[PDB]
Each structure stands twice: as C-alpha cells, then as structure tokens.
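Single-structure report; data block below.
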Amino acid sequence: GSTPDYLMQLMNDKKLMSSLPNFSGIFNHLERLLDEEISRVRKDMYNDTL
Amino acid sequence: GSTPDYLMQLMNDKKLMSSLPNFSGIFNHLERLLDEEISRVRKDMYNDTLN
Ligand SMILES: [Ca+2]
C-alpha cells in the first residue's frame, strides 16, 4: 500500500527547479539527483503492486 | 586513490546549497537527496577498498 504524498512533494520540487533554470545551471548534479529519486519512487510504488 | 571527481562535484554542490539557505529552503527534499547521494558515494568508495 503506497503513499503518493512523497511523490507529490518531489514533483513539486521538480516543478520548482524547472522554473529556475539559472539556479539549476550552477549545480553539477542537483536536478539529476531529484529526477533519479522521482524515478526510483515511481518504480517502488508500482513494484509494491506486483 | 585519486581523482574522486564525482564526490568533489557533489560536495561543491552541497557547499553551494549551504551558501544559499533561502534557495534551499523553498524545496521539500532537495538538499536531503544531495546529502544522501554524498553518503552513498563515500560508502561505495570505501567498500570498493575492502575488496
Ligand atoms: Ca540539510
């Protein structure tokens, strides 16, 4: 039984990062790490179905 | 040994985040994910050594 609240919070962080490409551009890895966490979360929620 | 380039880039990102508390504070999880990746990287580099 999975909870969407975490995923929802992450995607709001992601929307925000997308809105600030100038800030994102001064970090080496920051936005990629958020993307990877989001992919991980979605995979987990789906796999707790199988 | 060296050069541990990925770790240095991450730790630079972390210092930059610390330097920008107002920017960091508008996100729910962003800085923690960075902290977690750093710990993971240091752990892997150390474990690769016990081989
Ligand atoms: Ca922190």
Side-chain angles (χ1 to χ4, degrees):
Chain A
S2 38
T3 188
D5 302 85
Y6 186 44
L7 178 63
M8 293 177 189
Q9 296 161 11
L10 290 169
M11 298 190 57
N12 282 328
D13 281 6
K14 171 67 178 186
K15 283 189 170 60
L16 204 45
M17 256 310 201
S18 298
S19 309
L20 298 162
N22 288 346
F23 286 77
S24 183
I26 64 182
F27 298 93
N28 300 295
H29 297 301
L30 200 42
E31 200 173 345
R32 180 178 56 79
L33 295 178
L34 170 53
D35 286 340
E36 291 180 3
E37 173 74 352
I38 289 166
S39 292
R40 204 145 43 221
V41 170
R42 296 178 62 128
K43 185 190 179 182
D44 292 336
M45 297 169 47
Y46 184 67
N47 285 327
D48 308 344
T49 286
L50 309 166
Chain B
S2 311
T3 291
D5 294 275
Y6 186 45
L7 181 56
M8 285 178 184
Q9 300 162 2
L10 291 170
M11 291 187 67
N12 279 342
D13 275 3
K14 169 58 172 194
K15 281 195 189 64
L16 183 46
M17 278 293 264
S18 304
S19 296
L20 302 163
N22 291 345
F23 172 77
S24 167
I26 65 185
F27 301 99
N28 289 296
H29 299 296
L30 198 49
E31 199 167 346
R32 177 182 59 78
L33 294 179
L34 176 56
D35 289 340
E36 290 184 359
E37 171 77 350
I38 294 182
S39 297
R40 212 144 48 223
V41 171
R42 300 181 65 142
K43 187 181 182 179
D44 282 35
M45 296 174 62
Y46 176 68
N47 293 338
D48 293 346
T49 261
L50 306 181
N51 289 332

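Within every chain, numbering begins at 1; the chains are lettered A, B, ... in the order of the sequence lines, protein sequences first and strands thereafter. Side chains included, hydrogens not; waters and symmetry mates left out as well; all remaining heavy atoms used.
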Test of understanding: with side chain to side chain contact (heavy atoms under 4.5 Å, CB included), list the residues that count as partners of A:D5, not counting sequence neighbours.
A:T3, A:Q9
Can you name the side chain to side chain contact (heavy atoms under 4.5 Å, CB included) partners of A:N47, sequence neighbours left out?
A:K43, A:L50
Could you list all the salt bridge (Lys or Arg N to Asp or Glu O under 4.0 Å) pairs where at least one residue sits in residues 19-29 of chain B, not counting sequence neighbours?
none
Tightest non-hydrogen contact, residues B:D48 and B:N51, listed as O-ND2, 3.1 Å
Where A:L16 and B:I26 come nearest, the two heavy atoms and their spacing
CD2-O, 3.3 Å
According to side-chain hydrogen bond (donor to acceptor under 3.5 Å, both in side chains), does anything in residues 12-21 of chain A pair up with another residue at least two apart or in another chain? List the pairs.
A:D13-B:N28, A:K14-A:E31, A:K14-A:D35
Within this structure, what is the CE-CG distance for the pair A:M17 and A:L20, rounded to the nearest 0.5 Å?
8.0 Å
To the nearest 0.5 Å, atom CG of B:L33 lies from atom CD1 of B:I38 at 11.5 Å
Side-chain hydrophobic cluster, 4.5 Å single linkage: members besides B:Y46
B:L50
Taking the hydrophobic residues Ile, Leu, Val, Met, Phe, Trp and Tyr, and joining any pair whose side-chain heavy atoms are under 4.5 Å apart, which ones share a cluster with A:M8?
none
Does B:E37 form a side-chain contact (heavy atoms from CB on, under 4.5 Å) with B:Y6? I'd like the steps, not just the answer.
CA-CA 11 Å; B:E37 171 77 350; B:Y6 186 45; 2.6 Å; yes
Mind checking salt bridge (charged side-chain N to carboxylate O under 4.0 Å, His left out) for B:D44 and listing every partner two or more places apart, or none if nothing turns up?
none
Restricting to salt bridge (charged side-chain N to carboxylate O under 4.0 Å, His left out), what partner residues turn up for A:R42, sequence neighbours left out?
none
Heavy atoms from other residues, nucleotides or ligands near CE of A:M11 exceed 12 (cutoff 6.0 Å)
no
Contacts of B:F23 that satisfy ring-ring contact (aromatic ring centres under 6.0 Å, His included) - sequence neighbours left out:
A:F23, A:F27, B:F27
